[PDB]
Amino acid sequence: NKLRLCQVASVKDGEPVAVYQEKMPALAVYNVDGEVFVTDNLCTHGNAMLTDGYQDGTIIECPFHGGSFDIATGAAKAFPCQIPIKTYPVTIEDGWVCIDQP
């Protein structure tokens, strides 16, 4: 069923949270205008973590190359990002950010 990632309270808009859950690839947790989204953290273009880049609303920019993704959709937006980031459907369970065990 569900995997707890981090407390909802820990995720501020503009400051994504790296979560390393033992079943999963590195994960990134975001708050966009008060709502939570979860993506893979490893950039699809290289060896950088998206939680070390720059959130601008629904856009997360990679710390390298100027690449970017849409947090909410997974879309690769700014070049050189081309392969969409994996996203996960999010549930809040008792104050925790959760995703399904996949």
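So that there is no doubt, residue numbering starts at 1 and follows the sequence shown.
Annotation for 17 to 25 versus 90 to 98: the higher mean temperature factor (C-alpha) is found in 17 to 25.
Per-chain ranking of the deposited C-alpha B factor places residue 55 in the highest third. Ranked by C-alpha B-factor against the other modelled residues of its chain, residue 42 falls in the lowest third. Sort the chain's modelled residues by C-alpha temperature factor and residue 36 lands in the highest third, per the entry. Annotation for residue 11: CA B-factor lies in the highest third of the chain's modelled residues.
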